[PDB]
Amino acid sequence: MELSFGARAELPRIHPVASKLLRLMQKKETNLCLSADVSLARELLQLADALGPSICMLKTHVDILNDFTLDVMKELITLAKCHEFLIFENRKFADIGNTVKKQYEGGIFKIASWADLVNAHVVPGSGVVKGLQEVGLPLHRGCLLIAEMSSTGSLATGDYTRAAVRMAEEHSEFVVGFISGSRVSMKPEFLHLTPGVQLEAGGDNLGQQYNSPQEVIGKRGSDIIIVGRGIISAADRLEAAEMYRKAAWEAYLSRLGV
């Protein structure tokens, strides 16, 4: 009784941000999130415009954007609205609740003003979520909890992962899902986003480990692949994005069955 993305978008307990995401995933036949860790606004915008039709989501890295301004983010929003994708900021919110709220709302970046989605580590306990929610729930935002990590020696295993799932399911007005390597919640209202994805086997020199779209979506039951270097380092980024999109989409269809 596994439901399509379009049907999950209508579930009673679905979060509005998750519903918007699931609907556009179904409409566009894409479950690909591009991770755009680029230092130049022009490259970010040119990637978002050219690859926008191929992605359901753009993971931004504003901490590395040398020429960040809030106007760059206004232009990115225009592309996200045009092409229909969500903006997910990479910043790892991972402080006590009191401090995280100011990190999310304030400073020069004003992340909550333009990010549809943010992610948090659960290591501080549920106060990290409660603090983020005091800013994000009024701003109609969603959050992902990092329940598992792709890198060698990850401590996000076992009881840590279970605590992330419990924290999500108790803050469902704000938490829309997980960064994980596999399905970790049995509740279909939650999204599963999986980084550490390439078409070819391997890793990097600093602990990254890759699995394929077919493995992560098809066998491990995740919903969305997050891909950085497998696209960003390719010569033709559009073609690369299409290969990842078609891989992740067909893996989803085949797991759904008739």
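So that there is no doubt, residue numbering starts at 1 and follows the sequence shown.
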Worksheet item: When the C-alpha temperature factors are averaged for each of 222-230 and 185-193, which stretch ends up with the higher value in the entry?
Response: 185-193
Fill in: Which of 92-100 and 116-124 has higher mean CA B factor, as the PDB entry lists it
92-100
Worksheet item: Whose C-alpha has the highest temperature factor in the PDB entry: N66, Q198, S35, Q46?
Response: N66
Item to complete: Return the residue from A248, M25, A240, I14 that has the highest Cα B-factor in the entry.
Response: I14
Worksheet item: Would the CA B-factor of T161 place it in the lowest, middle or highest third of its chain?
Response: middle
Worksheet entry | Third assignment of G136 from its chain's C-alpha B-factors | middle
Discussion item. Could you place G106 in the lowest, middle or highest third of its chain by Cα temperature factor, using the values in the record?
Written reply: middle
Worksheet item: Taking the C-alpha B-factors as the PDB entry records them, is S39 in the lowest, middle or highest third of its chain?
Response: highest
Item to complete: Would you mind ranking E84 by its C-alpha B-factor against the rest of the chain and naming the third, lowest, middle or highest?
Response: middle
